[PDB]
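Rule-based calculations on the coordinates, nothing more; no lab input. Here the Cβ positions follow ideal geometry from the backbone for every residue, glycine too, while neighbour counts run over all protein chains shown.
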Amino acid sequence: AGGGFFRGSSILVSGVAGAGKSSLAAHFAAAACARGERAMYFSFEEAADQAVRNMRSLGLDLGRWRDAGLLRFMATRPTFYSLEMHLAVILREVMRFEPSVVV
Amino acid sequence: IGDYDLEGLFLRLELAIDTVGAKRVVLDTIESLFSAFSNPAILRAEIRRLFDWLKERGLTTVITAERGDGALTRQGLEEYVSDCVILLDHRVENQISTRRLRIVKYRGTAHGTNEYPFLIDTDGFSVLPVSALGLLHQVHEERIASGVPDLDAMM
Amino acid sequence: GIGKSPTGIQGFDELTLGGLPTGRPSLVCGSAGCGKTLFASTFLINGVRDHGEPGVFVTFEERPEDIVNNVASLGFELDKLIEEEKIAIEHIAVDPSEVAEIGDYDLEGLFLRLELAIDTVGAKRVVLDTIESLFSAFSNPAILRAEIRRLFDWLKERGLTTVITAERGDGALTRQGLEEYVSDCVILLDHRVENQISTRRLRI
Amino acid sequence: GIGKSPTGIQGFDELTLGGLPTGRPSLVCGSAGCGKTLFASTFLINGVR
Ligand SMILES: Nc1ncnc2c1ncn2[C@@H]1O[C@H](COP(=O)(O)OP(=O)(O)OP(=O)(O)O)[C@@H](O)[C@H]1O
Ligand SMILES: Nc1ncnc2c1ncn2[C@@H]1O[C@H](COP(=O)(O)OP(=O)(O)O)[C@@H](O)[C@H]1O
Ligand SMILES: Nc1ncnc2c1ncn2[C@@H]1O[C@H](COP(=O)(O)OP(=O)(O)O)[C@@H](O)[C@H]1O
Ligand SMILES: [Mg+2]
Ligand SMILES: [Mg+2]
Ligand SMILES: [Mg+2]
């Protein structure tokens, strides 16, 4: 009812591997960018070029939005930082870009 | 304590350095000289004297220290005087021994702070840290055949 | 209640509800590499920058240039502040004979010097770093506690916000086990390894 | 920041962001057989080479 989730809400997408979790998140981000807003998508298991190629088959164009300066796609393994510095980097980056949707 | 004339040692070390025009130095088994000192304050003063003399020359120095029964050093004072402290460890778990490395202190910059297993092998020390692995690959558009033509038809 | 001095580490001021005590010494304890020197350096630098409080860094071990360089990469223009006459680094060296026994050092002599240093910059914050050199000599528990109390009382009389860096050694908080019972604020910095991952931790 | 001297052990230079400090002593601590002598030998030999 009303056309979707509330704006500042917290949404959890759950499922088994291959379910479509990444595709739904990318659809969220791509729509957010398509409305002219800004999105940040933090992936911890796939690379940027690989994620772009994978989403391209589903008809999304995440590259258009990266090249337009409306989607920041950040990829880092969980072992690259300590739990404190992961949080620090995420918060700093979110601050600077001032996103509307963070995944 | 004070039995050894450290200035005498300083004279000699100078001779050795000027022979080859050294820019790197290793002091190995300084425990022989400093295990004698049996008052905590006097020992720390002598260690500071030696370290200050080394720092004055501008010589990149590595000092090997023995853990003994201590966390880092037997006498427990050298780790509070140096600027870089590196601990090497060899622990046994379930009958398997692992060489590990750690940078306990390094004043002046950022560095790794975890324990990094390493290997002494035919060519020397080898460290392949897991924190250096990123996610920056390159992607290709060709495909690889499986040798099962039926399975390839499923894709 | 009591007055407090902000450290500039937002998030430690929130925990302390304002900062470290004003006019009383504080003890920062840790092992090697735990950051208890960067804590004092940050205290002094943030005090001078955000509140116009000249500071003094008394060191019994390290040289002033080493202290200046140890924080250069963090962005602190410590050389600037030293040039501008807003921070003073004082080196009080001790020779092997000097530190032999109890009462060997004339603490009043030290008090005279520290006074000189404070009146140079008109300090309102002070850091005493590596006082272990002087007090590791004392080998009777009572005499050592009396001397530590003497020093702390002298510091408290002046109304100077002081931070004292202490080495854990093999102890829970301090090597000799007495300074934590004389100060009013005790902060422990810890660096523990679990499953090969090291974590910096802080506790009041 | 500070100058550094490469040790020649690639993977320890990466962790240290250049190597051991130039112009300052460094302490390598370990029990018997932990390799703290091979570390110094490698430091010297790689430096000269
Ligand atoms: N062009 C396409 N046509 C039909 N189905 C596709 C197409 N592209 C991808 N799919 C399906 O989309 C799915 C994507 O799965 P997705 O990665 O989004 O789920 P996941 O929960 O994130 O998995 P992971 O464990 O890798 O994170 C693929 O398994 C694939 O089966
Ligand atoms: N620029 C920096 N970035 C991240 N960490 C740093 C930086 N500079 C210093 N550090 C930390 O400073 C630590 C040393 O702490 P320090 O306070 O100088 O000595 P101590 O704790 O023995 O008194 C080092 O272990 C190092 O990790
Ligand atoms: N050619 C080699 N190949 C693999 N390991 C070696 C080789 N040579 C020495 N080692 C290691 O060197 C270790 C001794 O370390 P060393 O630095 O010489 O003494 P210490 O650690 O007490 O200072 C031995 O335990 C051995 O495992
Ligand atoms: Mg996925
Ligand atoms: Mg220190
Ligand atoms: Mg050896």
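Odds and ends about this structure:
- Check on B:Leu43, within 16 Å of ligand 4 (Cβ to nearest atom) and of a type outside the set (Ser, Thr, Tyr): no
- Restricted to region A:1-91, the set of helices (runs of 4 or more DSSP H) holding at least 1 residues that are β-branched (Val, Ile, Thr) and more than 16 Å from ligand 6 (Cβ to nearest atom) comprises A:48-56.
- Only one entry in A:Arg92, A:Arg56 is among the basic types (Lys, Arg) and either away from chain B (no Cβ under 14 Å) or in contact with a helix residue (DSSP H, G or I) (Cβ under 7 Å, 6 or more places away or on another chain) (or both), namely A:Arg92.
- All of (1) in contact (Cβ under 8 Å) with a residue 40 or more places away in the chain; (2) outside any loop (DSSP other than H, G, I, E, B); (3) of a type outside the set (S, T, N, Q) hold for C:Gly33 with one exception: (2).
- Under the condition of being under 30 Å from C:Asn195 (Cβ atoms) and basic (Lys, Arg), the residues counted in region A:52-97 number 2.
- Looking across region C:160-193, the residues that are within 16 Å of ligand 2 (Cβ to nearest atom), out of contact with any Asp or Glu (no Cβ under 8 Å at 6 or more places or on another chain) and away from every other protein chain (no Cβ under 14 Å) come down to C:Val163, C:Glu179, C:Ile187, C:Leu188.
- Scanning region D:1-27 for residues that are of a type outside the set (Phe, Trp, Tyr) and more than 14 Å from chain C (Cβ to nearest Cβ) yields D:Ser5, D:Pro6, D:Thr7, D:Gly8, D:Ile9, D:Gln10, D:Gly11, D:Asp13, D:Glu14, D:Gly19, D:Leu20.
- Taken over region B:67-82, the criterion of being surrounded by fewer than 19 Cβ atoms within 10 Å (Cβ to Cβ) and at the interface with chain D (Cβ under 7 Å from one of its Cβ atoms) is satisfied by B:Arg67 alone.
- Looking only at region C:132-159, and only at residues there that are surrounded by fewer than 14 Cβ atoms within 10 Å (Cβ to Cβ) and part of a loop (DSSP other than H, G, I, E, B), the one that is nearest to the other protein chains (Cβ to nearest Cβ): C:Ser139
- Residue pairs whose Cβ atoms lie under 9 Å apart, sitting 6 or more positions apart in sequence or on different chains, and linking a residue in region A:34-45 that is away from chain B (no Cβ under 14 Å) to a partner that is within 16 Å of ligand 3 (Cβ to nearest atom), do not occur here.
- Residue that is more than 16 Å from ligand 3 (Cβ to nearest atom), farther than 30 Å from B:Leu54 by Cα and of a type in the set (D, E, K, R), where the choices are C:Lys86, C:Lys80: C:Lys86
- Residues that are more than 22 Å from C:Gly35 (Cβ to Cβ), outside any strand (DSSP E or B) and at the interface with another protein chain (Cβ under 7 Å from one of its Cβ atoms) within region B:83-128 comprise B:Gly124, B:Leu128, listed in sequence order.
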